[PDB]
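Everything below concerns the one structure shown next.
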Ligand SMILES: [Cu+]
Ligand SMILES: [Cu+]
Ligand SMILES: [Zn+2]
Ligand SMILES: [Zn+2]
């Protein structure tokens, strides 16, 4: 794909639509997520596009390079590690990301994988417990969607 | 991918879980769809994995070869044309398909595309009208899901 889209859904108030575009050699990630608590929320590509057990069956973060969890600017990060989206007082987080590791084709393709927004801020792998190095302590998955080819 | 999965959801009673496995040069499609009226129901891969407008934003049957609509055993068929699933009196259709045209990788890859189950039987391009030649007269989209990568 050159364009992809993801509709985030869960059991609670959180919803969103995420768009992806292969621009130049990078992927531009845009959209919005609504119904969030104010502040940062972990935002990641999870390995499986599998919603059979809700957002749980999406598996861990997309990680073809077998690294520990990090922030999007880190060398040591998962390919899926897109950092945090930040909700305002109205519950709206505007997604605006350009990422060097994700792709919409080949080895790094996130098509058919899952976008997940989480309950808590991602500590970007700097929390100092084992959990930080896996998920950034971002906690439960509020909404997710399988990433699909868009027109 | 080598395995894929789709969760079909819509605005009514119909839902399902469809699994896909690359086997030799085919894709094995298994699963079930529940909440259907008894009888045949059109079942196709559609072009976009785009659920922003429910099943409508999936677009047409996946058709990279620009062919007319057919049944899965026809030479003249869309890549996405998987025929019908058949619901019993209890409303359960068991999906058991082997298809050589859809793929889980490359040009005919259905990863990131949308599986759709329909209101009416698919006449397999044999209804004698113009619509038959596009959609098999399978009617409304009861449920759909983006096909994602599975473990
Ligand atoms: Cu995540
Ligand atoms: Cu269809
Ligand atoms: Zn991670
Ligand atoms: Zn067709």
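Please note: Cβ atoms are built from the backbone with ideal geometry, for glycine as well, and neighbour counts cover all protein chains shown. No lab work stands behind these numbers, since they all come straight from the coordinates.
Determine, for each peptide in B:26-34, A:76-84, A:43-51, A:94-102, the mean count of other beta carbons within 10 angstrom over its residues, then list the peptides with the highest first. Don't jump to the answer; show the numbers that get you there.
Values: B:26-34: 19.1, A:76-84: 24.6, A:43-51: 27.0, A:94-102: 16.9.
Going from most to least packed, we get A:43-51, A:76-84, B:26-34, A:94-102.
Over the alpha carbons of chain B, what is the largest minus smallest coordinate on each principal axis, giving the biggest first in Å?
Taking max minus min along each principal axis of the Cα atoms, chain B gives 33, 31, 29 Å.
Counting only other chains, what is the mean number of Cβ atoms within 10 angstrom of the Cβ of each residue in peptide B:141-150?
Details: counts 0, 0, 0, 0, 4, 14, 6, 16, 15, 8.
Per residue, the average neighbour count from other chains is 6.
Classify the range A:16-59: rounded, prolate or oblate, from the alpha-carbon gyration tensor (a ≥ b ≥ c, eigenvalue square roots; a/c under 1.5 rounded; otherwise prolate if a/b is larger than b/c)?
Working: a/c = 2.27, a/b = 1.18, b/c = 1.93.
In terms of gyration-tensor shape, oblate.
Which residues in the range A:10-30 place their backbone N less than 14 Å from a point set 7 Å from the Cα of residue A:96 along the Cα-to-Cβ direction?
So the set is A:29-30.
Once the Cβ-Cβ distance between residue A:28 and residue A:126 is put in as r, and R0 is 25 Å, what FRET efficiency do you end up with, to the nearest 0.05?
Values: r = 26 Å, r/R0 = 1.04.
Rounded to the nearest 0.05, the efficiency is 0.45.
Mind listing the label-point distances from residue A:94 to the same position on all other copies, shortest first, one decimal in nm, points 7 Å along Cα→Cβ?
5.4
Considering only DSSP beta bridges whose two residues both sit in chain B, what percent are antiparallel, to the nearest 5?
Values: 41 of 44 bridges.
For chain B, the DSSP antiparallel bridge percentage is about 95.
Please state the relative contact order of chain A as a whole percent: Cα pairs under 8 Å, 6+ residues apart?
32
Quantify how much of the Cα-Cα distance distribution of the protein assembly as shown extends past 30 Å, in percent. Don't skip to the end; give the middle numbers.
On the way: 14226 of 45451 pairs.
Distances greater than 30 Å cover 31 percent of the Cα pairs.
Just to confirm the numbers: residue A:139, label point 7 angstrom along the Cα-Cβ line, distances to the other copies in nm, shortest first?
Listed shortest first, these distances are 4.6 nm.
Quick check on the range B:12-101: what are the equivalent-ellipsoid semi-axes from the Cα gyration tensor, as sqrt(5λ), descending, whole Å?
Details: eigenvalues 90, 58, 33 Å².
The answer is 21, 17, 13 Å, longest axis first.
Just checking the output field for B:2-9: average partner chain Cβ neighbours within 10 Å of each residue's Cβ?
Details: counts 0, 2, 4, 8, 5, 8, 0, 2.
Taking the mean over all residues of the peptide, I get 4.
At 222 nm, what value in deg cm²/dmol follows for chain A if DSSP H runs of at least 4 each add -39500 (n - 2.57) and the sum is divided by all its residues, to the nearest 500? Before the final figure, lay out each step's value.
On the way: 1 runs with 4 residues, N = 151.
After summing the helix terms and dividing by the residues of chain A, the value is -500 deg cm²/dmol.
Distances from residue A:23 to the same residue in each other copy, label points 7 Å out along Cα→Cβ, in nm, shortest first?
4.4
What does the structure give for B:41-49 when I average, per residue, the other chain Cβ atoms found within 10 Å of the residue Cβ?
Values: counts 0, 0, 0, 0, 0, 0, 3, 8, 14.
The per-residue average across the peptide is 3.
Give the share of C-alpha pairs in each 10 angstrom bin for the range A:62-151, from 0 to the last occupied bin, in whole percents, shortest bins first.
Pair shares across the bins are 16, 48, 32, 4, 0.
For a protection proxy built on the mean count of beta-carbon atoms within 10 angstrom, sort A:60-73, B:2-15, B:115-128 highest first, please.
Numbers: A:60-73: 17.9, B:2-15: 19.7, B:115-128: 21.7.
Listed from highest to lowest mean packing, they are B:115-128, B:2-15, A:60-73.
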